[PDB]
Every structure is written in C-alpha cells, then in structure tokens.
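Have a look below at one chain only, the form described as "open conformation" in its entry title, in structure tokens format.
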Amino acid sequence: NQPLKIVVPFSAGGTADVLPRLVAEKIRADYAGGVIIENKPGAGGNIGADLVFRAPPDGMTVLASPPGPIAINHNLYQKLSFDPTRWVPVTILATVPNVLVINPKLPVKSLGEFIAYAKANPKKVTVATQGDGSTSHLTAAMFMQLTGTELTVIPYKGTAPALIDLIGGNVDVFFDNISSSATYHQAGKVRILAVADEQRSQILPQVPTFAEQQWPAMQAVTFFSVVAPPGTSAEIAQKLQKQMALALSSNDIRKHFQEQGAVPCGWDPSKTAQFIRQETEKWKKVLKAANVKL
C-alpha cells in the first residue's frame, strides 16, 4: 500500500538530511509501500514545513527537521503560514552540541579567562554567525546573556567563510557545532573551549562541557525532530515513534549518528513534546532579550 513520506525541509547532504534517511532505511521494513524521503528547502525550513503542516493527519506524511520550523521560527519570523505549537510531536531523533570556538591568538587559555577578557573589552571581541536567528547567532546571544558579555556580531553566508576568518584571526569567536570545528581544533587552527551540553562529545573526549566549567545553564544543542500534521492521533504518532525508536537502537545506526556528532534519542511522544516546549520557551527568552525578529 501507500509509502510513508518524510519531508526534510532542507537541502540534501547535511546532517539534517543524513539522520532521517538512516532511520528511513530501518523502518522501510515496517511499510509495505516503502519510505520516501524528499528535500524541500526554503526560508529557514518554512516552505517544506508548510507542505507537511497541510497534509492529511494520517501519519503517512511527516516532517523531519532541526529546530527552525519546530521551535524557533514563530518567534523569529514576524509572520508564518503555520503554527509550530500545533505540530503533533512524534520523537526527537538526535541532538548535536554547539561549542565555543576561538581563534588561537586570543590571549586566553580557558573559558573563564575568555569571559574576563570579553568583560574587560565590551564589544571589542567579534563573534561570527550565520545571520540573525541562526543557531550560531542564538547560541552566542544565550552565551552573552548568561555571562554578561557583549560580543560584536559578524554575519557570514555559510560556515565555510566563517571558519576562514576565524582561522585567519579576522573574527575572534564562533559558536559552531562540534562536528564542523573538530578537525580544525585537532590541527590547532582554532581552539574549542567548551561544549554546550550535559555530557562531552566523543568526537573530542578531552574537550569539557560548559557545565564542568561552572556554567551549567549553557545548554545549546541542535535537536532533530519528527512531527506530524495537526490532528494526527496520539495513537498514530506513538506507533511511528516506536518504529523509529527500534530503528535507533541498532549499533550501526548509532555509529553513523556519532559520525555526524549526533547522539540518538528516540524519546516517546510525551517526553518529545515536553522537550520541544522547554526548548521553545528557552529560545523565545533569548530572542526577546536580544531584540531579534526578522
């Protein structure tokens, strides 16, 4: 019969695309018609999100996305064609931590010294972002708010131009995801001072968390969710989450996740909904205190 269709509201290739396709190959065994993955990029995930939001609530069309259209965009975009608060949560596939990365020529050797250095030179230290609302912008804003520091933003079109400047010393700080920066940290081109998560990342087992360094409130991960259209029954959503939780349990899948810097979750629909609710409220505070609404 009918295949399950999973819409990733981003282009193919990245972690946003890799993780749902990995899961798809495992649950293909549960669907007689198969599993279609489609990439529908545009407007921070809002174009692809709208196509699932309007689809029939039978659990045969779902959206697999990082937090944009799930938890952020209704507080970032002045107007949306859909309400993320009406999504039917299915599960959280995984999380990927963000990290504090610095150019090595900054005269600091620790997180604490870097905070003192920024406090003593307000607005003199520059921080790279991917534009207003981007994960790296929001994480820098959370960091600034928690630590009482003021960093001067420099927006970049992509991760690659940001790192080129970070390595060259033309921008001082960057709140990147661990998978992007690890290789440059290992080669000494940049320095990762802390991971904004509850545990360290096995990509860089020696890099400590913010929490180990007296900053447990600094929690900033990119979480990959599966949501169903409004009106999807709790039963249908449970059945799919349990298919995906079983898919996420094998060992090869967990390795392929770790290779993206991602830890599998597979929480039930109730924990998923509570997590999205908490993350939504967290970033709303950050956006408001930073006065960011595009």
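Residue numbers here begin at 1 and follow the sequence given. Here the rigid core means the biggest group of C-alpha atoms that line up within 1.5 Å when the two forms are laid on top of each other.
The form described as "closed conformation" in its entry title is left out here; the points below concern that form.
In this overlay on the rigid core, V90 has a C-alpha that sits less than 2 Å away from its partner position between the shown form and the other one. Core-aligned CA deviation for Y117 between the shown form and the other one: 2 Å or greater. With a change of no less than 3 Å, the CA-CA distance between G131 and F10 is smaller in that other deposited form than in the form shown. Between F275 and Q219, the C-alpha separation grows by 3 Å or more in that other deposited form, relative to the conformation displayed.
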